[PDB]
Amino acid sequence: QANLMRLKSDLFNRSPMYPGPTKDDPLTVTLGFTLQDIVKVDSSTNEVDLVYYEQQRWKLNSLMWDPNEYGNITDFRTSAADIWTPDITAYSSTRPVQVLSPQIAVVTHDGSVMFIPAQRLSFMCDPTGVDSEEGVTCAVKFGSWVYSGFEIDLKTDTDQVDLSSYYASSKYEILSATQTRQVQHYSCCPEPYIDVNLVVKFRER
Amino acid sequence: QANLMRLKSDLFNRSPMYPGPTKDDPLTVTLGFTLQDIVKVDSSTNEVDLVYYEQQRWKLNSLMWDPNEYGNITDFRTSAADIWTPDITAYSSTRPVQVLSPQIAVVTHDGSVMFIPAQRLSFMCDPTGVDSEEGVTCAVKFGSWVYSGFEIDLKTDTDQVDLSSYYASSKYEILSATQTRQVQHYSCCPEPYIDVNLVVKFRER
Amino acid sequence: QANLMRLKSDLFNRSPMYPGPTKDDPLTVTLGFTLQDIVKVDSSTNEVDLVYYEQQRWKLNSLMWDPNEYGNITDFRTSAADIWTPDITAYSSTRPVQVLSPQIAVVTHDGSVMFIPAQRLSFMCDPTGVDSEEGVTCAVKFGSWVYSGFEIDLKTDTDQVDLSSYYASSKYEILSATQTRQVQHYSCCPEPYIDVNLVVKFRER
Amino acid sequence: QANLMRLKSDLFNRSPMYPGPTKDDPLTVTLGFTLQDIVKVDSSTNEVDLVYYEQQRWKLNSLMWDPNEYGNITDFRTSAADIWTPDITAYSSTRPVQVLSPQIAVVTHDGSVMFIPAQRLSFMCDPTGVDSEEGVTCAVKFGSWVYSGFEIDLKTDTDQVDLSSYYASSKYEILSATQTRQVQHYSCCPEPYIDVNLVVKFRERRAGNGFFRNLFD
Amino acid sequence: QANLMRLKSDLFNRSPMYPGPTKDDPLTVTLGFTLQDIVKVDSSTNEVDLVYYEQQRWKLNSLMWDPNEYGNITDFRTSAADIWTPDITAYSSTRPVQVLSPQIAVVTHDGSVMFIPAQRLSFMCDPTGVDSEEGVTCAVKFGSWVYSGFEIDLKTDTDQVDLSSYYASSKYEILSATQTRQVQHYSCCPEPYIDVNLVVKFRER
Ligand SMILES: c1ccc(C[N@@H+]2[C@@H]3CC[C@H]2C[C@@H](OC2c4ccccc4CCc4ccccc42)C3)cc1
Ligand SMILES: c1ccc(C[N@@H+]2[C@@H]3CC[C@H]2C[C@@H](OC2c4ccccc4CCc4ccccc42)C3)cc1
Ligand SMILES: c1ccc(C[N@H+]2[C@@H]3CC[C@H]2C[C@@H](OC2c4ccccc4CCc4ccccc42)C3)cc1
């Protein structure tokens with residue numbers, strides 16, 4: 001505790017918070033989804049509700065430290081309010097996302113942060129054909145709300161959504177779930193736009 | 001980060017926050033809507049729920065800086081709690097507006113601020129006829145709650161609401177969507193009052 | 001901006017907040033209602049839901065200033081958290097009041113404050129007969145929760161509720177809406193209590 | 001305003017808050033209910049919803065002052081976040097209690113504090129038989145969550161719930177409502193626990209003016 | 001009061017808050033459940049709603065004192081916001097947990113803390129068969145969100161959930177309820193992960 005308090009103080013109280021990325025100093029955030037449940041489908045409003053947890057990762061030189069100076073501590077946990085977090089959001093949600101987990105992050109001595117909020121999300125999706133053998137496919141994009149691809153570069157580690165914790169007795173069964181980086185360019189607008197497209201194909205059990 | 005930290009410190013910690021406009025120093029705010037979804041209609045209460053995002057824009061001298069003094073940085077993103085924002089509100093909502101996006105704004109060296117809250121709104125609207133070929137029109141005004149036209153002047157860049165991201169598989173289709181600056185005048189008072197009237201004509205798919 | 005910053009600072013950072021009224025220094029508050037919609041009726045719980053905005057007004061010697069000393073500024077807007085506000089509450093609500101407008105108030109150089117929260121309120125009301133020509137009458141009292149009439153004197157400017165902004169296509173039409181000051185005693189206490197009685201007569205369109 | 005500001009400052013800024021009661025310095029809290037409405041019943045979850053206001057009263061020496069030294073001020077209102085309050089809770093609720101009144105309290109020069117939150121509560125209750133001439137009875141215990149009877153002693157002034165503001169046109173009519181102090185035990189623990197047991201017997205409305213005759217309007 | 005004020009001040013104002021455990025200084029948290037009610041089942045979403053209370057216990061050298069120096073005080077209550085708490089969370093909820101009790105803990109002179117939040121939880125569970133003699137089983141794991149078993153070691157005192165306050169007129173009867181410590185190891189990483197699995201078998205009354 002002596003040594004950890006000393007590290008946290010040295011990292012957080014001796015200088016302001018990371019101000020976020022610029023064009024000259026971009027930052028790469030990695031995203032991944034572990035999909036736990038399709039809880040509910042509303043065919044009268046074309047809204048579907050997901051429960052998942054979303055792995056967010058990035059690396060900052062300012063959160064970097066030598067373990068030998070702090071009792072061989074190599075990583076620590078701290079409230080997410082003590083650090084910058086990227087403004088990643090679902091672009092087509094219909095309710096404010098609900099947070100299901102303590103808002104804490106893991107910081108590693110190399111400056112890696114790992115943040116994994118569990119969320120329930122309602123989003124835009126017509127579930128028509130969900131009750132066929134064939135199912136229905138729905139999509140939702142995730143990305144930064146105000147940073148372009150010149151400041152925040154998104155990335156995935158895999159295109160397969162982790163289904164190893166999907167609720168086996170869910171009401172809907174997953175036929176496929178992928179997570180794909182998209183880059184997009186619109187001649188109106190000098191900057192590129194990056195998102196991760198969460199595509200889920202599912203049907204009634 | 002060195003430079004942007006300095007800038008943010010200079011802009012935000014060396015002086016108080018912009019106190020908002022007065023009659024001698026009015027401010028012009030520009031509003032525009034991007035309509036994503038008519039989620040739901042309640043014919044028993046005459047309430048309709050929209051999901052959209054609202055582009056707010058203004059310019060303050062106090063937020064201005066010379067890029068050559070801050071590592072050629074020309075703009076930055078920062079939390080909306082760091083800056084003044086206009087009190088723009090829907091005048092005929094029936095629930096508190098629910099915010100769907102992270103509350104961050106973009107600030108540019110010329111003193112421009114761009115703030116873009118994504119919201120779900122319930123508002124007063126009689127959807128009788130929504131199931132005809134002919135649809136129903138419904139209207140909701142937006143404007144400052146406590147500033148007259150002598151302190152905040154509202155403006156739109158175009159009268160066409162942006163429908164380029166309207167959900168194709170929504171449950172209601174949009175027949176037309178406009179956004180019009182209006183100048184009201186209550187028979188008591190001299191000050192002008194100013195709103196942007198969102199009018200949506202729509203029908204059941 | 002320079003002058004208004006100076007004013008606000010002078011008013012809000014040079015002394016503590018108004019502590020509220022006392023028996024020796026009572027404060028008069030004026031209340032008025034602008035009724036926008038009867039949204040909903042629930043005949044299984046006898047709960048009715050109103051959207052309105054409530055005009056609150058009072059005057060404080062400590063919020064008073066000479067315009068000549070502050071660039072001829074005669075009034076300003078500020079966040080309702082910077083000033084004392086009266087604890088005016090509905091006495092027969094069934095859910096916490098929901099606030100629908102930005103929490104900002106206008107302060108005038110004579111010390112007048114004006115505050116206009118928009119609210120949705122659910123409250124105790126039997127709507128049996130709403131479907132007749134003749135409608136049903138329901139009532140809700142507003143007043144300070146903890147201050148007697150010796151500290152806070154409530155007042156109306158008129159007994160008529162303002163219906164100039166009642167939603168034309170509401171599902172219920174208003175036959176009459178009055179707002180009446182009532183003085184009410186108890187044996188415990190020399191002190192009179194004041195409420196404003198909102199009485200709405202309405203029916204199904 | 002000068003004098004009150006001075007008083008509040010003296011009481012609140014010159015020392016820390018009351019840390020709460022100890023076994024050597026217990027505190028007695030007096031509870032009373034005013035029942036406004038049984039709003040709702042859900043026979044598919046056995047949850048009933050009450051709207052009431054709860055009168056909490058207690059007395060601290062550290063909140064005490066001589067009026068003569070503060071412009072003959074004998075009492076004042078202040079935000080409940082400025083003072084200690086007791087952790088009184090419903091023991092069998094099914095949702096977080098919702099607060100319907102401003103969180104303000106009244107403090108008196110003898111150190112008395114009075115705090116009266118209006119609340120809506122959902123709680124465990126099987127309303128089967130609510131539609132009979134004979135009604136259903138439901139019960140909910142209120143007490144401290146973490147302080148035993150050696151630290152907080154609960155009390156009621158009367159065992160009758162106040163029904164003088166029960167909603168006349170409610171959907172359910174009250175046949176009886178009481179509020180009784182109770183002293184629990186358990187094998188583990190020599191230390192008594194104290195609750196106030198709110199018991200309400202009610203039915204589905206059958207006449208414009210309720211079950212019991214009463215003279216006064 | 002004098003002595004307890006002195007103690008709270010000494011424990012809480014003289015030094016920072018406990019920063020949380022580390023590999024070199026792990027902390028053992030004991031968990032136990034007292035189940036009050038299965039409130040509700042939703043067979044259309046496979047969500048069940050529990051009301052329970054969760055006993056949490058741990059011990060910290062920094063919260064330790066000698067009673068002889070503080071008027072023979074041996075323990076005290078204080079707001080959970082004054083001390084560190086573990087980030088114990090349900091792993092398969094479908095809504096944010098709702099807290100039904102005041103957030104206060106008991107601290108003992110030996111450094112033991114005891115914290116007992118009453119909660120309502122909606123969580124993933126298929127209730128098909130609940131209406132049989134035979135009932136249905138459901139399970140939800142609890143554990144730290146971001147601390148591994150090298151930092152937080154979870155324990156139970158007993159595997160039996162306390163049913164001595166289960167609602168006798170609940171709508172569902174409890175056939176069995178157990179709480180079991182589990183250790184899992186993932187191929188990614190060297191450190192073990194601990195959870196307490198709450199298993200409840202029930203049926204319709
Ligand atoms: C200056 C003005 C506006 C913004 C807001 N961003 C703009 C518009 C929304 C957000 C993120 C991005 O727009 C994304 C977005 C993201 C990827 C591909 C296309 C789009 C098209 C508009 C859109 C519509 C709904 C929801 C999200 C988006 C760029 C940011 C800076
Ligand atoms: C429904 C219809 C119109 C509105 C528009 N706002 C409402 C009314 C005008 C504007 C701003 C404000 O009205 C102001 C107003 C503005 C600031 C503070 C108080 C008031 C109420 C006094 C007043 C008196 C005469 C004319 C206007 C006003 C609230 C709001 C809801
Ligand atoms: C369903 C089953 C289990 C959980 C909770 N566990 C899962 C895995 C450990 C623990 C909390 C968290 O996972 C930790 C974990 C813990 C802290 C910070 C990051 C991570 C990253 C996911 C991960 C990957 C490999 C090994 C451990 C972890 C989610 C949540 C949902």
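Letters A, B, ... mirror the listed sequences (proteins, then strands); counts begin at 1. As a basis for the values below, the full set of heavy atoms in this structure was taken, side chains included, without hydrogen atoms, waters or symmetry mates.
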Asks: Decide if atom CD of B:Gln184 counts as having more than 12 heavy atoms of other residues, nucleotides or ligands within a radius under 6.0 Å.
Replies: yes

Asks: Looking at A:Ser144, A:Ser44, A:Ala90, A:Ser92, which one has more heavy-atom pairs under 4.5 Å with chain B than the rest?
Replies: A:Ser44

Asks: Minimum heavy-atom separation for A:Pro19 to B:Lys8, with atom names?
Replies: CB-CD, 4.0 Å

Asks: Of the non-hydrogen atoms in A:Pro16 and B:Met5, which two are nearest, and what is the gap between them?
Replies: O-CE, 2.9 Å

Asks: Nearest 0.5 Å please: distance from the CZ atom of B:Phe76 over to the NZ atom of A:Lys23.
Replies: 16.0 Å

Asks: Considering only heavy atoms and a distance below 4.5 Å, find which of B:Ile38, B:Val39, B:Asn3, B:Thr78 pairs most often with chain A.
Replies: B:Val39

Asks: Return the OG1 to CG distance between B:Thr74 and A:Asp24, rounded to the nearest 0.5 Å.
Replies: 9.0 Å

Asks: Name the region of A:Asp87, side chain, backbone, both or neither, that has any atom closer than 4.5 Å to a heavy atom of chain B.
Replies: both

Asks: What distance separates B:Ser79 OG from A:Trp84 CH2, expressed to the nearest 0.5 Å?
Replies: 13.5 Å

Asks: Using side-chain heavy atoms (C-beta onward) and a distance below 4.5 Å, is B:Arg120 in contact with A:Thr94?
Replies: yes

Asks: Atom CD of residue position A:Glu134 - does it have more than 12 heavy atoms of other residues, nucleotides or ligands inside 6.0 Å?
Replies: no

Asks: At a heavy-atom separation under 4.5 Å, does A:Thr22 approach chain B through its side chain, its backbone, both, or neither?
Replies: side chain

Asks: Please walk me through it: do A:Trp145 and B:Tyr53 pass side chain to side chain contact (heavy atoms under 4.5 Å, CB included)?
Replies: CA-CA 11 Å; A:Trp145 190 245; B:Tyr53 78 73; 4.0 Å; yes

Asks: Does any heavy atom of chain B fall under 4.5 Å from the side chain of A:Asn61, the backbone, both, or neither of them?
Replies: neither

Asks: Drop me the distance from B:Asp37's CG to A:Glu47's CD, to the nearest 0.5 angstrom.
Replies: 7.5 Å

Asks: Please classify the contact of A:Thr85 with chain B as side chain, backbone, both or neither, using a heavy-atom distance under 4.5 Å.
Replies: neither

Asks: Go through the atoms of B:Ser165 and report whether side chain, backbone, both or neither lie under 4.5 Å from a heavy atom of chain A.
Replies: neither

Asks: Please determine if B:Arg77 and A:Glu151 form a salt bridge, counting it only when a charged side-chain N lies under 4.0 Å from a carboxylate O.
Replies: yes

Asks: Where on B:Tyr172 is there a heavy atom nearer than 4.5 Å to chain A: the side chain, the backbone, both, or neither?
Replies: neither

Asks: Check for a donor-acceptor pair, side chain of B:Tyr167 on one end and backbone N or O of A:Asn46 on the other, with a separation under 3.5 Å.
Replies: no

Asks: Side chain from CB out, backbone as N, CA, C, O: work out which of these in A:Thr89 comes under 4.5 Å of a heavy atom of chain B, or both, or neither.
Replies: side chain

Asks: For the NZ atom on B:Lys40, are there more than 12 heavy atoms of other groups (residues, nucleotides or ligands in this structure) within a distance under 6.0 Å?
Replies: no

Asks: Just do the side chain to side chain contact (heavy atoms under 4.5 Å, CB included) check on A:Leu60 and B:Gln1 with the steps written out, would you?
Replies: CA-CA 10 Å; A:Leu60 296 181; B:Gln1 29 333 348; over 6 Å; no

Asks: Taking side chain as everything from C-beta outward and backbone as N, CA, C, O, which of these in B:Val106 sits under 4.5 Å from a heavy atom of chain A? Side chain, backbone, both or neither.
Replies: side chain

Asks: With a 4.5 angstrom heavy-atom cut-off, could you sort out which part of A:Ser62 is near chain B: side chain, backbone, both or neither?
Replies: neither

Asks: Would you mind checking which part of B:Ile116 comes under 4.5 Å of any heavy atom in chain A, side chain (CB onward), backbone (N, CA, C, O), both or neither?
Replies: both

Asks: What's the shortest heavy-atom distance between B:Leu100 and A:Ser93, and which atoms?
Replies: CD1-O, 3.8 Å

